[PDB]
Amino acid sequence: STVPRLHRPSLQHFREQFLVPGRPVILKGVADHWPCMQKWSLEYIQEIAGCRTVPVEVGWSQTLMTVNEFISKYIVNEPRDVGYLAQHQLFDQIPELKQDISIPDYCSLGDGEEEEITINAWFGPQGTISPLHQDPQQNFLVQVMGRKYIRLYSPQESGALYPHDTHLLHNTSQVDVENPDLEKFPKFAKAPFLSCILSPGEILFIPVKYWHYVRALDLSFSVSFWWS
């Protein structure tokens, strides 16, 4: 089914109907006027961050290059490979960019300290795919540039998602969500899920341990807030 969209729900409504039960929701009217939403063009990103080194996932391997190199080789110049500036604390590295975002007020409903919230950038071309996996904290995934198709499976469906047997990857599914091998993974077919297309200015709440799969539909920039 679909992820519900709510305009600026109260702290109490969000706590009682989504955070405590662990139900996903898209928050509208919250981040839509953050400065990032108008400011972050490719040219602006190059101007403020182009000379800084970032980690880039290619394919599968992990390499290092400047933001300018990343844009030239994996965004603009008919890229040969898929490259993704994924899961990087860009705002600690470049505190000027931190001025263009905010910590969602809803994070204050958590038990953790604000100083411990992890803010990650996810910047890449159309077609980046993040396989189905779960994380150990709550998340607000804020979409800034482009759209993402996102599939969500409750932790109650873990049995049908065939987690990898190793400890390192036990929080990642063996299944390719959009082309599953149903001969090897038959239980996957019947597992219920939610999905959405997350667009600029929208925030997706991903409850702690909810399984999520993410495919960029356009040139995309997202900012995640991992919090407890």
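What we label the rigid core is the largest C-alpha set whose atoms superpose within 1.5 Å from one form to the other. Residues carry their position along the shown sequence, with the first being 1.
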Outlying stretch relative to shown form, 139-147 versus 74-82 in 4 other deposited structures of this protein, C-alpha RMS (core): 74-82
Size class of the missing deposited segment between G59 and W60: 4 to 9
Entry-level comparison of average CA B-factors, 200-208 and 11-19, reporting the higher stretch: 11-19
Mean C-alpha B-factor comparison - 40-48 and 170-178, higher one: 40-48
Candidate residues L90, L141, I129, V82, the one whose C-alpha B factor the record puts highest: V82
Top Cα B factor in the deposited entry, candidates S72, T118, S154, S108: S108
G124 - which third its CA temperature factor falls in, relative to the rest of the chain: lowest
Entry-reported Cα temperature factor of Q134, expressed as the chain third it lands in: lowest
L27 - Cα temperature factor, lowest/middle/highest third of chain: lowest
Within-chain third of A160 by Cα B-factor, per the entry: middle
Third assignment of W34 from its chain's C-alpha B-factors: highest
